[PDB]
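Next comes upload.txt, with compact mmCIF, N, CA and C atoms and all ligand atoms.
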```
# COMPACT_ATOMS: atom_id res chain seq x y z
N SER P 7 134.89 85.57 108.73
CA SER P 7 135.24 85.02 110.03
C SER P 7 135.37 83.48 109.96
N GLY P 8 136.17 82.87 110.85
CA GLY P 8 136.36 81.42 110.85
C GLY P 8 137.74 80.91 111.25
N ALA P 9 137.78 79.83 112.06
CA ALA P 9 139.02 79.23 112.54
C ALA P 9 139.06 77.67 112.59
N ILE P 10 140.28 77.13 112.54
CA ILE P 10 140.52 75.70 112.72
C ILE P 10 141.05 75.49 114.16
N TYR P 11 140.50 74.52 114.89
CA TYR P 11 140.97 74.20 116.23
C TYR P 11 141.49 72.78 116.21
N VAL P 12 142.84 72.64 116.17
CA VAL P 12 143.61 71.40 116.14
C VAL P 12 144.56 71.35 117.37
N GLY P 13 144.34 70.41 118.30
CA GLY P 13 145.14 70.26 119.52
C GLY P 13 145.14 71.48 120.43
N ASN P 14 146.32 72.06 120.73
CA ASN P 14 146.36 73.30 121.53
C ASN P 14 146.62 74.55 120.62
N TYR P 15 146.22 74.48 119.31
CA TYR P 15 146.38 75.57 118.31
C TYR P 15 145.03 76.10 117.75
N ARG P 16 145.04 77.37 117.29
CA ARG P 16 143.94 78.04 116.61
C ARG P 16 144.52 78.55 115.28
N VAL P 17 143.95 78.15 114.14
CA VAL P 17 144.42 78.65 112.84
C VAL P 17 143.38 79.61 112.30
N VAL P 18 143.76 80.86 112.04
CA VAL P 18 142.89 81.91 111.48
C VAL P 18 143.58 82.55 110.22
N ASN P 19 142.89 83.48 109.53
CA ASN P 19 143.44 84.29 108.45
C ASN P 19 144.25 85.35 109.16
N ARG P 20 145.55 85.45 108.83
CA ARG P 20 146.48 86.42 109.42
C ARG P 20 145.90 87.86 109.50
N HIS P 21 145.14 88.31 108.43
CA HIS P 21 144.52 89.66 108.29
C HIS P 21 143.30 89.90 109.22
N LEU P 22 142.67 88.82 109.71
CA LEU P 22 141.54 88.80 110.66
C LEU P 22 141.99 88.42 112.12
N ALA P 23 143.30 88.16 112.33
CA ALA P 23 143.83 87.76 113.62
C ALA P 23 143.55 88.83 114.71
N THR P 24 142.90 88.41 115.84
CA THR P 24 142.48 89.26 116.99
C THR P 24 143.68 89.68 117.88
N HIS P 25 143.46 90.62 118.86
CA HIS P 25 144.52 91.04 119.77
C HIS P 25 145.07 89.84 120.56
N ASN P 26 144.16 88.99 121.07
CA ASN P 26 144.46 87.76 121.82
C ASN P 26 145.26 86.69 121.01
N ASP P 27 145.16 86.70 119.66
CA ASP P 27 145.92 85.75 118.84
C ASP P 27 147.40 86.16 118.90
N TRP P 28 147.69 87.48 118.83
CA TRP P 28 149.06 88.00 118.89
C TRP P 28 149.68 87.88 120.31
N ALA P 29 148.87 88.10 121.36
CA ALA P 29 149.30 87.91 122.74
C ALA P 29 149.59 86.43 123.06
N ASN P 30 149.47 85.52 122.07
CA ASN P 30 149.71 84.09 122.21
C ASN P 30 150.16 83.46 120.88
N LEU P 31 150.86 84.23 120.04
CA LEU P 31 151.32 83.83 118.71
C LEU P 31 152.19 82.58 118.75
N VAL P 32 152.02 81.67 117.77
CA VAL P 32 152.84 80.46 117.65
C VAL P 32 153.62 80.60 116.31
N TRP P 33 152.89 80.87 115.22
CA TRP P 33 153.49 81.03 113.91
C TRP P 33 152.61 81.90 113.04
N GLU P 34 153.21 82.74 112.20
CA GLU P 34 152.46 83.57 111.26
C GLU P 34 153.20 83.70 109.94
N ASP P 35 152.48 83.89 108.85
CA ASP P 35 153.11 84.01 107.53
C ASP P 35 152.30 84.95 106.71
N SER P 36 152.79 86.19 106.50
CA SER P 36 152.02 87.15 105.71
C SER P 36 151.80 86.69 104.25
N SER P 37 152.84 86.08 103.59
CA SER P 37 152.65 85.62 102.21
C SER P 37 151.70 84.44 102.10
N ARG P 38 151.43 83.72 103.20
CA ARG P 38 150.47 82.65 103.19
C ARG P 38 149.10 83.08 103.75
N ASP P 39 148.99 84.27 104.41
CA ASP P 39 147.76 84.77 105.10
C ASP P 39 147.39 83.80 106.23
N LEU P 40 148.39 83.20 106.92
CA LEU P 40 148.07 82.29 108.04
C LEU P 40 148.62 82.73 109.39
N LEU P 41 147.84 82.56 110.46
CA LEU P 41 148.32 82.86 111.79
C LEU P 41 147.85 81.78 112.70
N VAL P 42 148.76 81.11 113.39
CA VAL P 42 148.46 80.09 114.39
C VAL P 42 148.68 80.72 115.78
N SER P 43 147.76 80.52 116.72
CA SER P 43 147.93 81.00 118.09
C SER P 43 147.59 79.91 119.14
N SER P 44 147.92 80.12 120.42
CA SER P 44 147.71 79.09 121.45
C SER P 44 146.40 79.17 122.22
N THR P 45 145.74 78.00 122.37
CA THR P 45 144.47 77.81 123.10
C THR P 45 144.68 76.99 124.41
N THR P 46 143.74 77.10 125.33
CA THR P 46 143.79 76.42 126.63
C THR P 46 143.21 75.01 126.55
N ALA P 47 142.11 74.89 125.80
CA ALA P 47 141.37 73.67 125.60
C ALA P 47 141.84 72.94 124.35
N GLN P 48 141.55 71.61 124.29
CA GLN P 48 141.93 70.80 123.15
C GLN P 48 140.93 71.00 122.02
N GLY P 49 141.46 71.04 120.83
CA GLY P 49 140.72 71.18 119.59
C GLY P 49 140.48 69.80 119.03
N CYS P 50 139.45 69.68 118.17
CA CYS P 50 139.10 68.38 117.64
C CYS P 50 139.04 68.29 116.11
N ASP P 51 139.48 69.34 115.39
CA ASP P 51 139.51 69.27 113.92
C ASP P 51 140.68 68.44 113.49
N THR P 52 140.46 67.55 112.51
CA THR P 52 141.50 66.68 111.95
C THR P 52 142.03 67.35 110.66
N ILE P 53 143.36 67.49 110.49
CA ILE P 53 143.91 68.12 109.27
C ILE P 53 144.09 67.02 108.24
N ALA P 54 143.68 67.24 107.00
CA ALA P 54 143.86 66.27 105.93
C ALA P 54 145.36 66.17 105.61
N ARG P 55 145.90 64.95 105.46
CA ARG P 55 147.29 64.72 105.03
C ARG P 55 147.19 63.95 103.71
N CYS P 56 146.97 64.70 102.62
CA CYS P 56 146.63 64.16 101.32
C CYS P 56 146.95 65.12 100.12
N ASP P 57 146.67 64.67 98.89
CA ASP P 57 146.79 65.48 97.67
C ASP P 57 145.41 65.62 96.98
N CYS P 58 144.31 65.64 97.77
CA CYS P 58 142.94 65.74 97.27
C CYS P 58 142.77 67.02 96.52
N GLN P 59 142.07 66.97 95.38
CA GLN P 59 141.74 68.14 94.59
C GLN P 59 140.20 68.36 94.44
N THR P 60 139.39 67.67 95.26
CA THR P 60 137.95 67.84 95.34
C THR P 60 137.57 67.86 96.82
N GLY P 61 136.59 68.72 97.16
CA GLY P 61 136.14 68.90 98.54
C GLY P 61 134.88 69.71 98.71
N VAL P 62 134.59 70.17 99.94
CA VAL P 62 133.40 70.97 100.28
C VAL P 62 133.82 72.18 101.13
N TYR P 63 133.32 73.40 100.83
CA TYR P 63 133.70 74.58 101.61
C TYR P 63 132.49 75.36 102.10
N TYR P 64 132.60 75.97 103.31
CA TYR P 64 131.52 76.79 103.81
C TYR P 64 131.67 78.22 103.26
N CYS P 65 130.54 78.82 102.82
CA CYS P 65 130.41 80.17 102.29
C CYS P 65 129.35 80.83 103.19
N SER P 66 129.77 81.70 104.14
CA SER P 66 128.84 82.40 105.04
C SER P 66 127.95 83.45 104.32
N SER P 67 128.39 83.94 103.16
CA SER P 67 127.62 84.89 102.37
C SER P 67 126.38 84.23 101.70
N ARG P 68 126.29 82.90 101.75
CA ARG P 68 125.19 82.13 101.18
C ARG P 68 124.59 81.15 102.18
N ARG P 69 125.09 81.08 103.44
CA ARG P 69 124.77 80.10 104.49
C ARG P 69 124.78 78.68 103.89
N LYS P 70 125.79 78.40 103.03
CA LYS P 70 125.84 77.19 102.24
C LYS P 70 127.22 76.56 102.09
N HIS P 71 127.26 75.18 102.01
CA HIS P 71 128.45 74.34 101.78
C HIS P 71 128.42 73.91 100.30
N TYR P 72 129.52 74.18 99.57
CA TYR P 72 129.56 73.92 98.14
C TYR P 72 130.66 72.91 97.77
N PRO P 73 130.32 71.85 97.00
CA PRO P 73 131.38 70.95 96.51
C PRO P 73 132.23 71.63 95.40
N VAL P 74 133.55 71.54 95.49
CA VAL P 74 134.46 72.17 94.52
C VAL P 74 135.63 71.29 94.13
N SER P 75 136.19 71.57 92.94
CA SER P 75 137.44 71.07 92.36
C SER P 75 138.41 72.22 92.57
N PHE P 76 139.56 72.00 93.21
CA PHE P 76 140.50 73.10 93.45
C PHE P 76 141.89 72.70 92.95
N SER P 77 142.72 73.69 92.56
CA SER P 77 144.07 73.39 92.07
C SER P 77 144.98 73.16 93.25
N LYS P 78 146.16 72.50 93.04
CA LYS P 78 147.17 72.27 94.07
C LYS P 78 147.76 73.58 94.63
N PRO P 79 148.26 73.64 95.89
CA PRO P 79 148.78 74.92 96.41
C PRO P 79 149.88 75.47 95.53
N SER P 80 149.74 76.74 95.14
CA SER P 80 150.66 77.36 94.19
C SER P 80 150.91 78.83 94.54
N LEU P 81 151.89 79.45 93.87
CA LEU P 81 152.17 80.87 94.07
C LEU P 81 151.25 81.63 93.09
N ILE P 82 150.18 82.23 93.61
CA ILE P 82 149.20 82.93 92.79
C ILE P 82 149.20 84.43 93.09
N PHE P 83 149.06 85.24 92.05
CA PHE P 83 148.96 86.67 92.19
C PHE P 83 147.55 87.01 92.72
N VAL P 84 147.48 87.86 93.76
CA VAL P 84 146.24 88.27 94.43
C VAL P 84 146.10 89.80 94.31
N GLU P 85 144.90 90.30 94.01
CA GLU P 85 144.68 91.74 93.92
C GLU P 85 144.96 92.47 95.22
N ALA P 86 145.35 93.75 95.12
CA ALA P 86 145.52 94.63 96.26
C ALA P 86 144.15 94.89 96.92
N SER P 87 144.13 94.92 98.24
CA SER P 87 142.93 95.18 99.04
C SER P 87 143.36 96.10 100.24
N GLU P 88 142.55 96.24 101.31
CA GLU P 88 142.96 97.09 102.44
C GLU P 88 143.87 96.36 103.48
N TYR P 89 144.01 95.03 103.36
CA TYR P 89 144.78 94.17 104.26
C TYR P 89 146.19 93.85 103.75
N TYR P 90 146.31 93.74 102.43
CA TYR P 90 147.58 93.45 101.78
C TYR P 90 147.69 94.22 100.48
N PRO P 91 148.92 94.56 100.03
CA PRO P 91 149.06 95.12 98.68
C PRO P 91 148.95 94.01 97.58
N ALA P 92 149.06 94.39 96.29
CA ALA P 92 148.98 93.40 95.20
C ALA P 92 150.28 92.64 95.24
N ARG P 93 150.20 91.32 95.46
CA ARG P 93 151.39 90.49 95.64
C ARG P 93 151.08 88.99 95.29
N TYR P 94 152.10 88.09 95.36
CA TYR P 94 151.89 86.65 95.19
C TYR P 94 151.74 85.99 96.57
N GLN P 95 150.61 85.32 96.77
CA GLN P 95 150.36 84.59 97.98
C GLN P 95 150.73 83.15 97.69
N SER P 96 151.48 82.52 98.60
CA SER P 96 151.90 81.12 98.46
C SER P 96 150.89 80.16 99.10
N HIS P 97 150.99 78.86 98.73
CA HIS P 97 150.15 77.75 99.20
C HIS P 97 148.63 78.02 98.97
N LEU P 98 148.33 78.70 97.86
CA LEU P 98 146.96 79.06 97.53
C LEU P 98 146.36 78.09 96.53
N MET P 99 145.09 77.77 96.71
CA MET P 99 144.36 76.84 95.87
C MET P 99 143.11 77.57 95.40
N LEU P 100 142.88 77.64 94.07
CA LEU P 100 141.68 78.28 93.54
C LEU P 100 140.65 77.30 93.03
N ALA P 101 139.37 77.69 93.23
CA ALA P 101 138.15 77.00 92.77
C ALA P 101 137.16 78.01 92.15
N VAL P 102 136.30 77.53 91.25
CA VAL P 102 135.25 78.34 90.65
C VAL P 102 134.12 78.30 91.68
N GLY P 103 133.83 79.45 92.27
CA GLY P 103 132.79 79.53 93.28
C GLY P 103 132.59 80.89 93.87
N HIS P 104 131.42 81.11 94.51
CA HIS P 104 131.14 82.39 95.13
C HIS P 104 131.96 82.59 96.39
N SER P 105 132.50 83.79 96.53
CA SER P 105 133.31 84.18 97.67
C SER P 105 133.14 85.70 97.91
N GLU P 106 132.99 86.13 99.17
CA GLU P 106 132.90 87.54 99.61
C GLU P 106 133.89 87.78 100.74
N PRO P 107 134.43 89.00 100.98
CA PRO P 107 135.45 89.17 102.04
C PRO P 107 135.15 88.57 103.42
N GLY P 108 133.92 88.69 103.89
CA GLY P 108 133.51 88.12 105.17
C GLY P 108 133.43 86.60 105.20
N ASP P 109 133.72 85.95 104.06
CA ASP P 109 133.75 84.50 103.92
C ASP P 109 135.08 83.90 104.38
N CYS P 110 136.20 84.68 104.42
CA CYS P 110 137.55 84.28 104.90
C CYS P 110 137.41 83.56 106.23
N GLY P 111 137.85 82.32 106.29
CA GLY P 111 137.74 81.54 107.52
C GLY P 111 136.93 80.27 107.33
N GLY P 112 136.04 80.24 106.33
CA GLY P 112 135.27 79.06 105.98
C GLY P 112 136.19 77.92 105.56
N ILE P 113 135.98 76.78 106.20
CA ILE P 113 136.81 75.60 106.04
C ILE P 113 136.57 74.88 104.69
N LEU P 114 137.66 74.44 104.06
CA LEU P 114 137.63 73.60 102.88
C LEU P 114 137.98 72.17 103.43
N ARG P 115 137.17 71.15 103.10
CA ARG P 115 137.39 69.83 103.63
C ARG P 115 137.19 68.77 102.60
N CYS P 116 137.95 67.68 102.71
CA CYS P 116 137.85 66.55 101.82
C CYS P 116 137.39 65.33 102.69
N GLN P 117 137.53 64.10 102.17
CA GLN P 117 137.26 62.89 102.97
C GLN P 117 138.33 62.67 104.08
N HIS P 118 139.53 63.25 103.93
CA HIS P 118 140.65 63.08 104.87
C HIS P 118 140.64 64.04 106.05
N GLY P 119 139.96 65.16 105.88
CA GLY P 119 139.79 66.16 106.92
C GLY P 119 139.80 67.57 106.41
N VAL P 120 140.37 68.43 107.21
CA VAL P 120 140.48 69.83 106.91
C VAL P 120 141.68 70.12 106.01
N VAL P 121 141.42 70.63 104.78
CA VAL P 121 142.40 71.03 103.75
C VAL P 121 142.92 72.51 104.00
N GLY P 122 142.01 73.45 104.30
CA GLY P 122 142.38 74.82 104.57
C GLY P 122 141.22 75.74 104.91
N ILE P 123 141.41 77.05 104.68
CA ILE P 123 140.37 78.07 104.94
C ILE P 123 140.34 79.15 103.81
N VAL P 124 139.14 79.80 103.55
CA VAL P 124 139.00 80.86 102.53
C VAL P 124 139.98 82.02 102.84
N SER P 125 140.70 82.51 101.82
CA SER P 125 141.68 83.55 101.91
C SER P 125 141.51 84.60 100.79
N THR P 126 141.35 84.20 99.53
CA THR P 126 141.18 85.15 98.43
C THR P 126 139.77 84.95 97.73
N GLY P 127 139.38 85.86 96.83
CA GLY P 127 138.09 85.81 96.15
C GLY P 127 137.89 86.81 95.03
N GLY P 128 136.64 87.02 94.62
CA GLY P 128 136.28 87.93 93.53
C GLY P 128 136.30 87.26 92.16
N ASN P 129 135.57 87.82 91.20
CA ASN P 129 135.53 87.30 89.83
C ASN P 129 134.94 85.90 89.71
N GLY P 130 134.14 85.49 90.68
CA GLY P 130 133.55 84.15 90.65
C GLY P 130 134.54 83.02 90.95
N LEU P 131 135.64 83.36 91.61
CA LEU P 131 136.67 82.45 92.06
C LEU P 131 136.79 82.56 93.60
N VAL P 132 137.18 81.49 94.27
CA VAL P 132 137.39 81.47 95.73
C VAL P 132 138.75 80.82 95.97
N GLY P 133 139.58 81.50 96.73
CA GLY P 133 140.91 81.00 97.06
C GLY P 133 141.05 80.53 98.49
N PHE P 134 141.72 79.39 98.68
CA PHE P 134 141.95 78.75 99.98
C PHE P 134 143.42 78.62 100.34
N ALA P 135 143.73 78.98 101.58
CA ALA P 135 145.03 78.85 102.21
C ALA P 135 145.19 77.38 102.67
N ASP P 136 146.04 76.63 101.98
CA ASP P 136 146.36 75.25 102.36
C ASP P 136 147.06 75.14 103.75
N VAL P 137 146.67 74.16 104.56
CA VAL P 137 147.25 73.86 105.87
C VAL P 137 147.74 72.36 105.99
N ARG P 138 147.59 71.55 104.90
CA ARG P 138 147.93 70.13 104.85
C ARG P 138 149.44 69.79 104.97
N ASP P 139 150.32 70.81 104.85
CA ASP P 139 151.78 70.70 104.94
C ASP P 139 152.30 71.13 106.32
N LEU P 140 151.46 71.76 107.16
CA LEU P 140 151.89 72.14 108.50
C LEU P 140 151.70 70.91 109.40
N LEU P 141 152.58 69.87 109.22
CA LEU P 141 152.56 68.59 109.96
C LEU P 141 152.70 68.74 111.48
N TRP P 142 153.35 69.83 111.93
CA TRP P 142 153.56 70.05 113.35
C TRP P 142 152.28 70.32 114.12
N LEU P 143 151.21 70.86 113.46
CA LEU P 143 149.93 71.17 114.08
C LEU P 143 149.37 70.01 114.92
N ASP P 144 149.65 68.77 114.48
CA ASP P 144 149.19 67.53 115.10
C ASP P 144 149.93 67.16 116.38
N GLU P 145 151.26 67.25 116.35
CA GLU P 145 152.17 66.91 117.45
C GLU P 145 152.45 68.11 118.41
N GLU P 146 153.25 67.89 119.51
CA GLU P 146 153.60 68.88 120.57
C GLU P 146 152.42 69.12 121.53
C1 LIG P 201 137.27 86.03 100.06
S1 LIG P 201 138.30 87.45 99.68
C2 LIG P 201 137.40 88.33 98.44
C3 LIG P 201 136.09 87.99 98.09
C4 LIG P 201 135.40 88.76 97.17
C5 LIG P 201 136.00 89.84 96.57
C6 LIG P 201 137.31 90.17 96.90
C7 LIG P 201 138.03 89.43 97.84
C8 LIG P 201 139.43 89.86 98.20
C9 LIG P 201 139.49 90.60 99.53
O1 LIG P 201 138.69 91.48 99.80
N1 LIG P 201 140.47 90.22 100.38
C10 LIG P 201 140.63 90.72 101.76
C11 LIG P 201 141.98 90.15 102.20
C12 LIG P 201 142.13 88.87 101.37
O2 LIG P 201 141.34 87.83 101.97
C13 LIG P 201 143.55 88.34 101.15
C14 LIG P 201 144.42 88.71 100.17
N2 LIG P 201 145.48 87.90 100.32
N3 LIG P 201 145.30 87.05 101.34
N4 LIG P 201 144.12 87.33 101.86
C15 LIG P 201 141.54 89.28 100.04
ZN ZN P 202 141.87 64.39 101.16
```
Would you write the structure of this file as structure tokens?
Ligand SMILES: CSc1ccccc1CC(=O)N1CC[C@](O)(c2c[nH]nn2)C1
Ligand SMILES: [Zn+2]
Amino acid sequence: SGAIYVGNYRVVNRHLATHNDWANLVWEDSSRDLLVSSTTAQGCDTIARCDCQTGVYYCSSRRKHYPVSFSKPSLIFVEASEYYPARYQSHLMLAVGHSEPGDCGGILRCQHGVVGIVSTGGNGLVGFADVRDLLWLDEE
């Protein structure tokens, strides 16, 4: 579980998106595992606009924030699960770290702000859906 609240938007994992997210959809991308929906109140999370490769992420399976080195967003092959088949997910960044399915939504952050949220995992690796290129989230 977990979301980003920036302006009048809510960013969640497309596979965890609620009924109310679809009844107010703004943008969604199955290959990115991202879904943006509309909120009534203003959000206060700042999105990082940078090329940072070091940061801190929340892991709910450990009630802990872990510092990590992560690769740049890339087209990475992801194992088949009950939400998606085995395919290449785009804008994905991998780090060596603990990750469990219920961890999806935990924010990855650098000194510039919010980099993304947990999307993939297993094998002692944790994958994050980058949001630093969705420049429109700030404006409108
Ligand atoms: C943190 S995910 C994880 C952690 C430990 C083990 C396995 C996983 C993978 C998983 O169960 N899923 C469920 C949907 C998934 O998040 C996904 C796929 N593509 N985009 N989102 C991958
Ligand atoms: Zn940064």
Find the residues near residue 117 of chain P: any atom within 7 Å, counting all atoms listed in the file, skip ones fewer than 2 places away on the same chain, and give them as a ChimeraX atom specification.
/P:54,60-61,115,119-120
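Shortest atom-to-atom contact with residue 86 of chain P among P:42, P:27, P:127, P:110: P:127, counting only C-alpha atoms.
The point (147.5, 88.3, 122.1) has these residues within 12 Å of it, counting only C-alpha atoms: residues 23, 24, 25, 26, 27, 28, 29, 30, 31, 32, 41, 42, 43, 44 and 45 of chain P.
If all atoms listed in the file are the atoms counted, then among P:116, P:12, P:98, P:82 the closest residue to ligand ZN 202 (chain P) is P:116.
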Counting all atoms listed in the file, the option among P:121, P:109, P:101, P:68 closest to ligand ZN 202 (chain P):
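That would be P:121, the residue with the smallest distance to ligand ZN 202 (chain P).
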